[PDB]
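Take a look at the structure below.
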Amino acid sequence: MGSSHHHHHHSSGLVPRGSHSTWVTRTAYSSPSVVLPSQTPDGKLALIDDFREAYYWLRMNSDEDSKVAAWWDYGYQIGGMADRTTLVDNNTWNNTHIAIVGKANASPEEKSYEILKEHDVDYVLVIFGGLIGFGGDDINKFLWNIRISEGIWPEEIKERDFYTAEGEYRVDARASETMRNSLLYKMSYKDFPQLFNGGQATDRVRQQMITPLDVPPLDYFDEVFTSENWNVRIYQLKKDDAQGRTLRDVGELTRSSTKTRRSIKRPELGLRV
């Protein structure tokens, strides 16, 4: 549960920067609805677009199901790495994998919000920032070749850091514990400084935030449950080792349906071998 609505800009200009700057120059992606069939702002999330295609390229698998390819299929739609096949042959397992996330939130349970756009950028930083639970993704195999090339001046990082939270470092608890928990995991990854949990309520909600997937919307609750932020990235490892483990192989394999056609079409059916 949360609430927010104040962020929207673009990218264009000639200025320096340095090493990787996508995290802040790519997160701008934005998505107040991320409803493929409608919403579709500046398709950013480059650092994530390449991470999705890269994994879907080495694990594509195919077979009209995209088991381990579905999880990344969400980004393969454009694969900022070196594909961007416009989900032409993946639209089947791409439109049903990206629609579920935007359907669960709008479904009869929580409510359509920006939690969908924050999850996409959160899942990437959670799978690349921990690879399972802090440590693992110390390097990437497949990904864009450009590798940084200047862009929107450092106005997003300076404007996102200008904030100093509620106050010094007290009283952050209270009703805020719940109104901050959702605004802490989404601000800690977008801004950096956050996800501290005030009083004793915010901390309790952070540990209990993980949970399996009670609600029926396993597309809106599971997206943040595995993306959320450093909070979920750390709880995912302990949760995947104890309570759960296929949470990633259950939401990706669900894209299954048929076989021999997408590309693995045996030398007779698809007539392509």
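Each residue's number is its place along the chain shown, starting with 1.
This entry, so its header tells us, was determined using solution NMR.
Note that Cβ sites are derived from N, Cα and C of the backbone, with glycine treated the same way.
Swiss-Prot tags one of the stretches 71-75, 96-100, 161-165 as motif 'WWDYG motif', and that stretch is 71-75.
Spatially close to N94 (N-linked glycosylation site) yet at least six residues away along the chain are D73, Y74, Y76, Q77, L87, judged by Cβ distances under 8 angstroms.
Secondary structure by DSSP for the expression tag (1-19): 0 helix, 0 strand, 19 coil.
Annotation for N90 (N-linked glycosylation site): same-chain Cβ neighbours under 8 Å, separated by at least 6 residues, are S66, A69, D73, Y76, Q77, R262. DSSP places the residues of the region 'Disordered' (249-273) in helix, strand and coil in these numbers: 5 helix, 0 strand, 20 coil. Around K141 (site 'Interacts with target acceptor peptide in protein substrate'), the same-chain residues at least 6 positions away in sequence with a Cβ under 8 Å from its Cβ are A54, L58.
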